[PDB]
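Just below is one structure, and these are the notes that go with it.
What follows is calculated from the coordinates using simple rules that are stated; it is not laboratory data. Cβ sites come from the backbone with ideal geometry, for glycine too, and all protein chains shown count toward neighbours.
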Amino acid sequence: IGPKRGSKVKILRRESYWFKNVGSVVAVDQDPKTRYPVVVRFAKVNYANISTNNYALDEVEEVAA
Amino acid sequence: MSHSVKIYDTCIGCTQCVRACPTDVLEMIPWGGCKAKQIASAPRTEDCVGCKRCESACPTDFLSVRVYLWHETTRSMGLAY
Amino acid sequence: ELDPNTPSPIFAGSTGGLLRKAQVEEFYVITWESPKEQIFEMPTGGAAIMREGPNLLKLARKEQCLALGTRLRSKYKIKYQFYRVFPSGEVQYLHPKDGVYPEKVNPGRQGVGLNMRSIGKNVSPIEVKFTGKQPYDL
Ligand SMILES: CCCCCCCCCCCCO[C@H]1O[C@H](CO)[C@@H](O[C@H]2O[C@H](CO)[C@@H](O)[C@H](O)[C@H]2O)[C@H](O)[C@H]1O
Ligand SMILES: CCCCCCCCCCCCO[C@H]1O[C@H](CO)[C@@H](O[C@H]2O[C@H](CO)[C@@H](O)[C@H](O)[C@H]2O)[C@H](O)[C@H]1O
Ligand code: SF4
Ligand code: SF4
């Protein structure tokens, strides 16, 4: 806590169910390393019975900001 | 394609996730870093029929497979007999 | 057959399994271990018993002969084992090969998962017109 970790993020890929909608996050990755970090989470479910997916900062367009 | 339905996802972890599907899917082939580190989308698929039992469980987050193979043996449908 | 009678997996009759197309083409068969004399469920509708030998029942087609597991592992046992019989020999060594239990690591074998480009924006439709000179035979 000091910058911004997981406090409000849209999705922008167009495949991902809650795509353009902004729900909440969690333990976003630490290290330099990989390509699929970030958990996100929101109320609304989706086509599977369980939906709580991990997208990745190449993107999260949050966008402003 | 001749069995080409994409169930891929991103975790490709397979614990309380997915196993079901007659023979086809001998995976756990850990790619150099993807969390529970077992990955990809299949093994040698020239063996069994056309499920989508394939997802039904454990994410594909996009599509999920079904029939799309067309070129379709028989061993690839129960009935060659 | 009889003059050679080599059995293992008890049954009696049945209009279920094996018929003409398991000579004229391929064969498929499952084998297993077991503790003490136990009555099972069966593919093809019927139902019999066990004890041993090879415990080597032969089966019509291989989706049929792994379902000994989809229940025949809700009835104890590490070991169950199905191969591929021809009308003459091998290539396709079915539960043979390397390790076993689909969910471990020795090698990687096939699979891949990607095509050219990955799941990403294939709003991009079908590209080139199919023409004998640009890597779309995979
Ligand atoms: C708390 C009091 C008990 C003392 C233990 C200390 C607790 C902290 C250590 C926990 C990790 C120990 O290792 C432990 O990993 C798994 C459960 O976690 C079990 O293993 C299991 O889970 C693996 C993932 O790890 C799976 O791939 C396997 O299918 C399965 O065999 C191990 O059989 C167990 O030994
Ligand atoms: C690269 C992974 C698969 C393809 C894109 C991945 C998903 C989208 C993110 C990629 C964003 C980068 O886009 C990328 O476009 C081209 C592919 O290298 C590069 O384009 C460049 O490629 C080389 C250096 O880079 C040069 O020899 C080329 O003259 C130049 O056009 C861009 O410099 C790069 O920015
Ligand atoms: S998404 Fe399906 S099978 Fe794919 S990696 Fe996970 S469970 Fe494995
Ligand atoms: S989904 Fe396809 S490959 Fe998977 S088990 Fe079913 S048929 Fe086989």
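Take residue C:78 and tell me if it is more than 16 Å from ligand 3 (Cβ to nearest atom), part of a loop (DSSP other than H, G, I, E, B), over 18 Å from residue C:8 (Cβ atoms) and β-branched (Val, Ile, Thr). Please lay out each step first, then the result.
Details: more than 16 Å from ligand 3 (Cβ to nearest atom): yes; part of a loop (DSSP other than H, G, I, E, B): yes; over 18 Å from residue C:8 (Cβ atoms): yes; β-branched (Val, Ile, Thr): yes.
So residue C:78 fits the description; yes.
Report every pair of residues separated by at least 6 positions or lying on different chains whose Cβ atoms are under 7 Å apart, first residue within segment B:43-58 and farther than 23 Å from residue B:15 by Cβ, second hydrophobic (A, V, I, L, M, F, W, C) and away from ligand 2 (no atom under 16 Å from the Cβ).
From residues that are farther than 23 Å from residue B:15 by Cβ, the pairs are B:49/B:77; B:50/B:67; B:50/B:69.
Taking segment A:18-65 on its own, how many of its residues are within 16 Å of ligand 3 (Cβ to nearest atom), assigned to a loop (DSSP other than H, G, I, E, B) and among the polar types (S, T, N, Q)? Spell out the reasoning first.
Filtering segment A:18-65 down to residues within 16 Å of ligand 3 (Cβ to nearest atom) leaves A:34-36, A:39, A:46-56.
Now restrict to residues that are assigned to a loop (DSSP other than H, G, I, E, B): A:34-36, A:46-53, A:55-56.
Filter again for among the polar types (S, T, N, Q), leaving A:34, A:46, A:49, A:51-53.
Here the count works out to 6.
Kindly indicate whether any position in segment B:59-78 is within 16 Å of ligand 1 (Cβ to nearest atom) and in a loop (DSSP other than H, G, I, E, B).
Start the filter on segment B:59-78 by keeping residues that are within 16 Å of ligand 1 (Cβ to nearest atom), which leaves none.
No, that holds for no residue.
Only one residue in B:81, B:8 is at the interface with chain C (Cβ under 10 Å from one of its Cβ atoms), among the aromatic types (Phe, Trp, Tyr) and under 22 Å from residue C:26 (Cα atoms), so which one is that? Even if it seems obvious, please write down each step before you answer.
On the way: B:8 fails: under 22 Å from residue C:26 (Cα atoms).
Matching residue, one of B:81, B:8: B:81.
Given the criteria under 30 Å from residue C:86 (Cβ atoms), surrounded by 13 or more Cβ atoms within 10 Å (Cβ to Cβ) and not aromatic (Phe, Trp, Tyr), does residue B:17 qualify?
No.
Just to be sure I understand, how many residues within segment B:40-63 are more than 7 Å from chain C (Cβ to nearest Cβ) and more than 9 Å from ligand 4 (Cβ to nearest atom)?
So in segment B:40-63, the residues more than 7 Å from chain C (Cβ to nearest Cβ) come out as B:45-47, B:50-61, B:63.
Next cut, more than 9 Å from ligand 4 (Cβ to nearest atom) only: B:46, B:57-61, B:63.
Counting residues in segment B:40-63 that are more than 7 Å from chain C (Cβ to nearest Cβ) and more than 9 Å from ligand 4 (Cβ to nearest atom) gives 7.
Against the condition in contact with a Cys (Cβ under 9 Å, 6 or more places away or on another chain) and assigned to a loop (DSSP other than H, G, I, E, B), how does residue C:63 come out, does it pass? Outline the logic, then answer.
Details: in contact with a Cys (Cβ under 9 Å, 6 or more places away or on another chain): yes; assigned to a loop (DSSP other than H, G, I, E, B): yes.
Yes; evaluated as a whole, the condition is true for this residue.
Given the residues B:49, B:5, B:25, which is the only one that is closer than 24 Å to residue B:79 by Cα, part of a loop (DSSP other than H, G, I, E, B) and touching a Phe, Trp or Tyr at 6+ places or on another chain (Cβ under 6 Å)?
B:5
Among the listed residues C:93, C:83, C:136, identify the single one that is of a type in the set (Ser, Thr, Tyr) and touching a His at 6+ places or on another chain (Cβ under 7 Å). First the steps, then the outcome.
Details: C:93 fails: touching a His at 6+ places or on another chain (Cβ under 7 Å); C:136 fails: touching a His at 6+ places or on another chain (Cβ under 7 Å).
Selected residue: C:83, the only one of C:93, C:83, C:136 that is of a type in the set (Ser, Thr, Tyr) and touching a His at 6+ places or on another chain (Cβ under 7 Å).
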